[PDB]
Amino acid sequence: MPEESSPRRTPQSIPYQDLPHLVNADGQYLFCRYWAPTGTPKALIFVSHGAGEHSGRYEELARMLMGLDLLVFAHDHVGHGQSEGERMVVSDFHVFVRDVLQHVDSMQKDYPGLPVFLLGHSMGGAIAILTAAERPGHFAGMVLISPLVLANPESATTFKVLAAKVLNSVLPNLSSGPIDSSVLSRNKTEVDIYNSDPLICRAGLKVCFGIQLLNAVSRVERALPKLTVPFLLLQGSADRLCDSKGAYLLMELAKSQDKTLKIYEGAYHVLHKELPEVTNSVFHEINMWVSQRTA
């Protein structure tokens, strides 16, 4: 008698049968998270995390959104958190977009006729932009927290050189240095939390992944005149990871009739984990923006 193989487990050895999950088009398990209100939801909202991190870092934002009667859902992108895949490796950046769309399509089957929003931060924001651009008119709105539109100019040069080296030669171990945690937030407790979370990948960025980020930046630039979705854009003026010039470029080139930019003077990259004065405003602004577009 043939027997069923050992239960499939997360990279942290937890069986997927014990967790909310989804199997993507490549047969990879994605870890899922849901925050549903007690009553019938007013809308759905997918939360898209950034590079090296995971969906668990959006707990407080998700609970605020659930408090507005939205059903919030997320998954860890391939190669991240509790999902399968080699850490910070992606065959093509579009895999992230394809997987967000599969999850959105699955949820819309269970909640037909409900409006669907996107919330994305950093690389997660580039994923949200490419997702909305692929399906014009499908999403009700997008909330972008320091999205990856334009890389810091120095980092763009570093990866363009590194990409051109492996274009010509075979170097599978080639990597840049790790992301400098001190530039994440002026809130040192949040810097310390980022450095303590075992689900966060704090290794150097592999060149193959850097190439996919270069692809993401190029694709976002081409997508901007196709963007019509309503959006709220939040950006720190002292962001060393996603250049503030990108937020101004997105406001200028997107065709969206409903677009708003809020700049946080002196703030670093992770606005929803910044100094309390910034974080409290970020939460309030998202709450007002979503409340106005779900009422």
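Definition used throughout: the rigid core is the maximal C-alpha set that superposes within 1.5 Å between two forms. All residue numbers refer to positions in the sequence shown, first residue = 1.
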### Query
Relative to the presented form, and with the rigid core used for superposition, do the C-alpha atoms of 141 to 149 or of 177 to 185 deviate more in 5 other deposited structures of this protein?
177 to 185
### Task
Once the rigid core is lined up, would you tell me whether 154 to 162 or 90 to 98 has the higher RMS CA deviation in 5 other deposited structures of this protein?
154 to 162
### Query
Higher mean Cα B-factor in the deposited model: 64 to 72 or 266 to 274?
64 to 72
#### Entry: Stretch with the higher entry mean CA B-factor, where the candidates are 38 to 46 and 55 to 63
38 to 46
### Query
Say you rank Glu84, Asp180, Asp105, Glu190 by Cα B-factor from the PDB entry; which sits at the top?
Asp180
### Task
Choose from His80, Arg222, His121, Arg98 the residue with the greatest Cα B-factor as stated in the PDB record.
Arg222
### Query
Based on the entry's values, in what third of the chain does the Cα temperature factor of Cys208 lie: lowest, middle or highest?
highest
### Task
Grab the CA temperature factor for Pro198 from the record and place it in the lowest, middle or highest third of its chain.
middle
### Task
Taking the values exactly as deposited, rank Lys259 by C-alpha B-factor within its chain and report the matching third: lowest, middle or highest.
lowest
### Query
C-alpha B factor of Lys226, ranked within the chain: lowest, middle or highest third?
highest
### Query
If you rank the chain by CA B-factor, which third does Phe117 end up in: lowest, middle or highest?
lowest
